[PDB]
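Below is one structure; the comments refer to it alone.
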Amino acid sequence: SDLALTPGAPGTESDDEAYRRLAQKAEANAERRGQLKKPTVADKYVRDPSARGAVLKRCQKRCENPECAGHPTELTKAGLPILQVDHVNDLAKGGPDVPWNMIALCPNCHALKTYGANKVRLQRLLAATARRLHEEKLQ
Amino acid sequence: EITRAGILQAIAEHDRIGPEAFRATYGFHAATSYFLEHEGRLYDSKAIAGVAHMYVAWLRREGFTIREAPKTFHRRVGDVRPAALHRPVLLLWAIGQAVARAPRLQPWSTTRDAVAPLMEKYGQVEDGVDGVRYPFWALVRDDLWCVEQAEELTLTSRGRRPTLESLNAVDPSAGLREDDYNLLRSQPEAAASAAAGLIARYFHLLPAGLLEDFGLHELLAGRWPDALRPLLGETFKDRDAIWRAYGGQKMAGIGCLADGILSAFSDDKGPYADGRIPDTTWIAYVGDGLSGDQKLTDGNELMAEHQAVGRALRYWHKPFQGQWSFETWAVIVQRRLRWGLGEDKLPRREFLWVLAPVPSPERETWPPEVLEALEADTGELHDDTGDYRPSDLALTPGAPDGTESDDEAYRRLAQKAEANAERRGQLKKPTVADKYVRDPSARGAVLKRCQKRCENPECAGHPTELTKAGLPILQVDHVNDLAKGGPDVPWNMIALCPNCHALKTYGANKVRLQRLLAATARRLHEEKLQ
Amino acid sequence: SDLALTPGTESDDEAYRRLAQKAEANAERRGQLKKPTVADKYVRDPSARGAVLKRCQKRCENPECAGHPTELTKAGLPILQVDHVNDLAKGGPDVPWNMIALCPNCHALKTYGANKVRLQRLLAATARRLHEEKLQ
Amino acid sequence: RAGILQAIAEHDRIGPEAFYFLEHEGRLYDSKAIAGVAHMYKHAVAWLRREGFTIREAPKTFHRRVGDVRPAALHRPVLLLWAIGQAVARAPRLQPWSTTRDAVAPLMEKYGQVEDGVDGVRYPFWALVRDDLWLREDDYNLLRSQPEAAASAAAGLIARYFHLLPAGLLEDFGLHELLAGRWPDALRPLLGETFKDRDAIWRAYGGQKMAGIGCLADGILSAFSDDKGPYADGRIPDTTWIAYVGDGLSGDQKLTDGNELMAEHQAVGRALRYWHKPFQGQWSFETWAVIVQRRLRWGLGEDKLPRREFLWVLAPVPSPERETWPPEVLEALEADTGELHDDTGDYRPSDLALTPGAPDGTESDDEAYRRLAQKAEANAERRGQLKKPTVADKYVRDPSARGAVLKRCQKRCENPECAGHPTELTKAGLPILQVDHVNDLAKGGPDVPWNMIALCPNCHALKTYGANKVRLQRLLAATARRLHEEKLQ
Ligand SMILES: [Zn+2]
Ligand SMILES: [Zn+2]
Ligand SMILES: [Zn+2]
Ligand SMILES: [Zn+2]
């Protein structure tokens, strides 16, 4: 269900806010990786499906950047939204592979994030809105 | 080979003749990376094994500790930390002895009744005679002490002291390590340094009689901490460079160097932002925990411990695009709690350690403003996180479009600023911290009022481009300096572009402008109240 | 003056050329130092600074300047600072065509503005240009 | 630290066993070791030279020395190659003049293109001694013991001088059984070897840190490309070929140093090593490549000022061996002509994006433009009548047309259905847009402004892999022609 390539209604097993399930597994795995003494580059950089999945169930085909100039709702030829899930705090720089550290962006906002002139401020904004959006789904 | 206990004979001959003559002509003389430790002395492991035949696995099979070259005496004396004045007292006596050319190894009997009075008076233990017994043995596994005829002693039931009975019966000659004794006898700097390290830490409020009762008056009377390194002003490129020279770890800078003395490291992130609380020479140092609400653990814990007893610490600083340097000793004068951002870029509760610089660790050298501020401290946390919210920080971008607060709920901030200001206005004896540390709530208020714009109505013009860190190119500044009595409140403050700020500070018409800004500040303030 | 130290019957203000020439001579001579001391590298040549002051007469040389005051300082100098576009620290030369006069605002823009990089390129260009305008 | 005189004295008294070289009174001493003993009496060398001592270099590795054999010239390498063939076949180390002469003289005539081969052998028979190659003891034993070193050295000589490898080279020389499948197999580094620093590369294979273009210890040319920011590698779009900017730092580049060597390689059609460091990544020797075209273009130097620069168009190849090169490469040479294709004309430093301007000089309106579009058309028409067009002719993008689109769009999406895009610039100060052809060059579309369109990342994604890419292409084709024609009246 949780993978973007499986089109679905969904349920009735799961509401879309049983995202909670995914986020929980992401945490559990993240904690277990965090205590690795010698972490291989695989341990560090291979991306947890469960956390990605969670972001996808959260964002529902939309940019999560609250300052988004706008983005199209047209899908790709393969039937996926024109978005990408990306960490606000890069894994490379120690950030955790969990949904509250990730954010769904359109190509524009992603470019803003990665090499925009105001990359820094935006990272703070996205960090904030990622935690917020995450915590909204727990209550 | 097949040789054990013939080895002890071999060691005894190595002692009798000396290391130089032992390669004469037994041979060897090759460098050895690994040694054999016996009674505080090092011996070349292959050579000893060879001579034992004619009387590594093998030597270790026969019950000898085989060791890598020990860490520096400076480091090891520095590792003597509480888990506790017993160990440093003995050590301090031993140094005093070495300095006075006493013999290296001395019987327990004499050591006992020579140190026991010192142990009573300075180590605040009841039974000094019993007080000496613990470090006399425990200091061996700190690689600082040795006890000949160790085998003959009977150890206590639980743990490892020897019995008082066993020590008195066998009067074993114990002392410092070989190379350490020789170091101390040859280089008096090292003795001065090690003693100065043990004294603050442990005896920073140096009582009279120390240094007399210990052997150390002639050596340190003038000023004890003079022998400490690094010197004020020593400069280093990397944090690693510092680490190579004085130890510790490169982990975020609240930590102890090899000498065991606390060191706090402040790295300037961008330009126009140092740790120094403006108008003052005193430091506002953010605490230790890097991502969430900080706790009294690790460095913060140590900072708190230092605050309670009023012990100084080393304050390192790297200006923006510059090098590190040990720029001043400093003492914890106040500790507060503030909102800031972690490395995860999320708002968080963080400690604000208010440091006052001092010339040395010696309390006699600290100016009266510092002594007064310590006197007034109370050592208790001042929680400013009630007065403002992370939304009010410039570093938390927002719409806000939180239903709850209008941007003109600035009024909330201005109110807290006034409350705090009034409460500071009725302080009878105000410390320089009380006077100059800036209230977040009032700054926060000016930010919400100005909305990324100059408040100077005569502004020639200013850019709407932000900084690299995403803040407007502005500064909040008091119209009436806090130094000259002005209050730390929004109606006394004004947001200015670099140009207007330059006009205010060193323009030809600075004075007239002051008046205009005072007027427009009060006006702008009162506009938001109705 | 040269410098703004005292309030020109001899020199045209565009005998700035004199200053620029000395600056170049000095610069060349410092360029051929084998072992240069930190003093050689960072002490700033009065001549080049003077040239910049003569070149822009109490004004910001940043063509994108949002605006700046014409009030002088208590000491009677303009609220500007002469600054190298290419920092001496990163090899840049101590000469007028590598320098630019900026108001506090534009200087903040150049030093830690969000678009510092692009601006460096604009300033490098307008410095050379302004310099070459005074030679013909 | 002059007390090192005491350390030297003890080295003499006890011997090399007990005690980059340091020369003192005609005797050589291990530099690092003498410094260390002096301490008890890695910045060591400087310390010893700061004291009054002359420091000498270690003897150059056989690999290095055979690599130093360069033209100011096939005599030296012919002899050397014979010598290696002899050593591999277990011939005696020293041989008489008489046999070497009439054994090598035929080789010298056939491969060294000299008339009198007998006389041809005389020059390198003596000149090779002052190249520290004439074989030596240790070299002969190295070759006899380790056949890799023989294969490497021969491959190095074969790479530089005889890259075209004529039939009967490996025998006639002693080398057929040794070089076997492929001669350059013994060359190092291997494709894909990774290094952190540039210094790390230097430690392993020599040359110098300075310059993009330089020779390693083996004497084979190497070009180094360092990606400055993300979303920018050297590769020319829609292909695997490289656009490598030339050598000169700061002003108008010239055929000197690296550019000179590149030109020498272009003329003869010799391959070279292409190193590459992706953004936030490591260096690696990623491909051999051959100069296929060279051009002149406007760019910025380190002084941030516009400048004339060389554009070396590189084609990757599996190895230096010409038999291994795919036909697209082999067609691109010979079509090359080896001559510089120049920039100006259609192409002012702005024009293109990296120089900000008001424009402060009102000489040119932004709606000229028209000058750019015209040049684009001219160039396009000239490319359109190329009978055999190389992949370079087809895919290298005309600056003039790109420039035109930039002047037209003014930092905005030209897709009239744009959902929206930010006006924030990049760190480097350019708009977050890309100029792209509506009708891909790959599918025959022309490299002109009316076939191009400026798009934000979102609209570009829509155009490229959107579900309705096809309809959008029609829309964009229409609006590009429209926007183009609006600027002509
Ligand atoms: Zn977006
Ligand atoms: Zn202003
Ligand atoms: Zn300006
Ligand atoms: Zn668009």
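Chains as they are written, first to last, in full-length UniProt numbering: chain E, 421 to 430, 432 to 560; chain F, 5 to 59, 80 to 107, 114 to 560; chain W, 421 to 427, 432 to 560; chain H, 8 to 26, 38 to 59, 77 to 107, 114 to 175, 206 to 560.
No residue lacks a Cβ here, since even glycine has one placed at the ideal position from N, Cα and C.
#1: Name the residues in the stretch 371–391 of chain F whose C-beta lies less than 9 angstroms from a C-beta of chain E; which are they?
#2: Give me the Cβ distance between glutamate 488 (chain F) and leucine 546 (chain F), rounded to the nearest whole Å; I'm assuming they're in contact under 8 angstroms.
#3: May I ask you to check if the CB of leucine 554 (chain W) is nearer than 8 angstroms to at least one heavy atom of ligand 2?
#4: May I have all residues whose beta carbon comes closer than 5 angstroms to any heavy atom of ligand 3, sorted in chain order?
#5: Report yes or no: is there a C-beta of chain F within less than 9 angstroms of the C-beta of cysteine 480 (chain W)?
#6: Going by the beta-carbon positions, is the gap between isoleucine 362 (chain F) and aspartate 407 (chain F) smaller than 9 angstroms?
#7: Who are the near neighbours of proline 118 (chain F) in its chain, counting only those whose CB is closer than 7 angstroms to its CB and skipping five residues on each side?
#8: State whether the stretch 493–509 of chain E contacts the stretch 526–539 of chain H, with contact taken as three or more CB pairs (one from each stretch) at a distance under 8 angstroms.
#9: Following the continuous alpha helix (DSSP H) through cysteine 530 (chain W), name the residue where it begins and the one where it ends.
#10: What distance in whole Å lies between the Cβ atoms of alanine 224 (chain H) and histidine 98 (chain H), which are believed to be in contact at a cut-off of 8 angstroms?
#11: Between the C-alpha atoms of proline 460 (chain E) and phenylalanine 356 (chain F), what's the straight-line distance to the nearest angstrom?
#12: My output table needs one value for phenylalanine 26 (chain H): the three-state DSSP class, helix, strand or coil.
#13: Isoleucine 284 (chain F) bridges to which residues according to DSSP?
#14: Whose Cβ in chain W lies nearer than 7 angstroms to the Cβ of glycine 537 (chain F)?
#15: Could you check whether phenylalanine 266 (chain F) and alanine 257 (chain F) sit closer than 9 angstroms to each other, using their CB atoms as the reference points?
#16: Excluding five sequence neighbours on each side, which residues of the same chain lie with their C-beta closer than 7 angstroms to the C-beta of residue 112 (chain F)?
#17: How long is the line joining the alpha carbons of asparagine 330 (chain F) and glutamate 485 (chain W), rounded to whole angstroms?
#18: The alpha helix (DSSP H) that contains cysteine 480 (chain E), what's its start and end?
#19: With distance defined between alpha-carbon atoms, name the residue in H:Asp309, H:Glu557, H:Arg368 and H:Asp413 nearest to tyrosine 440 (chain H).
#20: Using a C-beta cutoff of 9 angstroms, does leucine 477 (chain F) count as contacting chain E?
#21: Restricting to runs no shorter than 4 residues, where is the alpha helix (DSSP H) found entirely within the stretch 380–439 of chain F?
#22: When you check each C-beta in the stretch 547–558 of chain E against every C-beta of chain F, which residues fall closer than 7 angstroms?
#23: May I ask you to verify whether the stretch 451–460 of chain H touches the stretch 407–421 of chain H, counting CB pairs closer than 8 angstroms and requiring at least 3?
#24: Using a beta-carbon distance below 9 angstroms, is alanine 490 (chain E) in contact with chain A?
#25: Looking only at C-alpha atoms, which of H:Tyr152, H:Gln154, H:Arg442 and H:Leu120 sits nearest to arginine 163 (chain H)?
#26: Tell me the rounded alpha-carbon separation between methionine 523 (chain W) and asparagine 510 (chain W).
#27: Is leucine 423 (chain E) buried or exposed, if buried means 16 or more other CB atoms sit within 10 Å of its CB?
#28: Our contact map puts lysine 50 (chain F) next to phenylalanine 32 (chain F) with C-beta atoms below 8 angstroms; I'd like the distance itself, whole angstroms only.
#29: Any beta carbon of chain E sitting closer than 9 angstroms to that of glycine 319 (chain F)?
#30: Report the partner residues of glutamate 92 (chain F) according to the DSSP bridge assignment.
#31: Could you name the residues that DSSP lists as bridge partners for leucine 46 (chain H)?
#32: May I ask you to report which of helix, strand or coil DSSP gives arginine 215 (chain H)?
#33: Between which residues of its own chain and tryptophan 82 (chain H) is the CB-CB distance below 7 angstroms, once the five residues before and five after are set aside?
#34: From H:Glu394, H:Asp518 and H:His492, pick the residue whose C-alpha is nearest to that of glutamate 452 (chain H); which is it?
Straight from the coordinates:
#1: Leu371, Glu373, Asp374, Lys375, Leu376 and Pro377
#2: 7 angstroms
#3: no
#4: W:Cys484, W:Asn486, W:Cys489, W:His492, W:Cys527 and W:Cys530
#5: no
#6: yes
#7: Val104, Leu228 and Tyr232
#8: yes
#9: 528–536
#10: 7 angstroms
#11: 35 angstroms
#12: coil
#13: F:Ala294
#14: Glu495, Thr497 and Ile503
#15: no
#16: Residue 112 (chain F) cannot be placed in this structure, since chain F goes from 107 to 114 without the numbers between.
#17: 49 angstroms
#18: 470–480
#19: H:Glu557
#20: no
#21: 398–405
#22: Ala548, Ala549 and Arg552
#23: no
#24: Given the protein chain composition of this structure (E, F, W and H), no chain A is represented.
#25: H:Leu120
#26: 8 angstroms
#27: exposed
#28: 6 angstroms
#29: no
#30: F:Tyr38
#31: H:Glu41
#32: helix
#33: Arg8 and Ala53
#34: H:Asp518
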